[PDB]
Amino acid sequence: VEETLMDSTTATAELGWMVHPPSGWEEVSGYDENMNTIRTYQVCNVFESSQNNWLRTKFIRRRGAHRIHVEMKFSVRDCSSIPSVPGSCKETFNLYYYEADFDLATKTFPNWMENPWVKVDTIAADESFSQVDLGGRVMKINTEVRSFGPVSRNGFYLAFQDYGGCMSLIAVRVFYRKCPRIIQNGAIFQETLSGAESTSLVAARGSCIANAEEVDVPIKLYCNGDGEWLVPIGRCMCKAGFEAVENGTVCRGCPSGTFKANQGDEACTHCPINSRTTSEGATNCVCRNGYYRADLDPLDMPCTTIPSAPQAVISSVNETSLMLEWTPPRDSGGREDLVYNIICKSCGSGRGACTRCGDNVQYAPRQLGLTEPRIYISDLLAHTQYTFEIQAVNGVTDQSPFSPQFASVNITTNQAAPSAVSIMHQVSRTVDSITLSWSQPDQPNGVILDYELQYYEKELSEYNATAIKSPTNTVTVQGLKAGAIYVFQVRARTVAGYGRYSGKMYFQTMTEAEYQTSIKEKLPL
């Protein structure tokens, strides 16, 4: 970024530059490269001998600059072109500067020689130029920049020296260079003026942007002479609850539905399932009411809840020993840390208040924290009634203000299994089904709850069998082959347990033709 301390082409009416001697430089109206009409200076005392012609600019405010740049546009007539020119002819001019705190210059001060002044360089027409048409004849306009520093006083003058040439100084622009305010690696680096030396790299310190915090230190950026910042050093990062936006220029609060817990430039991630943001810019998602997240739980994981009760409690009692199996709860709470607890309630044979179970009762594998849906129960009071409660508990249960969901079974020791079921008859049949029924076993020995039926193809074996559960003593079996003989065995279930499978009974589906006859009679639908 360049800041102009003086521009000769902004001259409204006339530049006030001092000419010494007046014999030399003269001010003349001219054109710029775009043919806009400006003020220029010229000197062509080529034949005259021993010429030292000086042109001094007005006072120029430094305005805090450190290295000053002077850009010069000009044209020179080549001494070859001038007929019968002496060897005094030159195609160069010299640039000088004088530093001062106040515009105290006269026609005699400072002295018009090299030393009160300071030489920048000898300027010549060298390969950097443009060509502009004027009225069919083209003019060559050279542009040359020079720089000088350090500069310390409030201002300075520039001086131009001719020593016997034909030249036209068209424009002079004086400027310094600054580096603009920038945001890099999360930091605001403020305006920095370029340094005095040509190769200067000036250092500036970064401060974190808005809702951001320093992460890697130190935070530094460097400004070069051409007005450009270099590669950054250090880093600021958007703090928790804030995400980097607008090519890293702002750190913005996390939008609703999103959270961020640790510092970073990354973007906020959505609240896990069954969680929500109380507000914007959230460091955490609050779990849904009745739902909790556990310690040691990944925070990407959804909020979870307690499991429901176990179901399908099936009990088989062998004398004082017992076996309880079941199937897992309908709702597992979203967790895989689900385990079962068994609580025992020894109770009177009648409606007397239940008592605590004995110390002697043995639980294999254990009373609590069961992994499989089954418990094998050892020594227990014989001919005694009891209630067993199997509760389901998962890894978030300890946060629940409610008691665990459980399943209950009332059962009595040394109770007899139902007798084997007598016989079964085929009620109806189709090509793919067999509907059949059987009699209640003659000696239930308790209340019967459900039945079990096992079927397999006669050509195949019990190895290939299937088993199903029947709430009543009649049921349909579907999916069978056409005209095939199937072997059926049935078993009853009381709280005490299962009976013995009945004798293998042999039924058969309709063949395809028999089913054709049946449906043909049934016509129409």
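Numbering starts at 1 and runs along the sequence shown.
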* **Selected stretch [higher average CA B-factor]: 186-194 or 354-362** => 354-362
* Identify the stretch, either 225-233 or 411-419, whose C-alpha atoms have the larger mean B-factor according to the entry. => 411-419
* **Residue, from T474, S29, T57, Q42, that the PDB entry assigns the highest Cα B-factor** => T474
* Highest Cα B-factor in the deposition, which of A392, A159, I141, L324? -> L324
* **For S50, the third of its chain into which the C-alpha B factor falls** => highest
* **Chain-wide C-alpha B factor ranking for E33, given as lowest, middle or highest third** => lowest
* **CA B-factor placement of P218, once the chain's modelled residues are sorted into thirds** => highest
* **Position of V19 among the chain's modelled residues by C-alpha B-factor, lowest, middle or highest third** => lowest
* Asked: Lowest, middle or highest third: where is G155 by C-alpha B factor in its chain?
  -> lowest
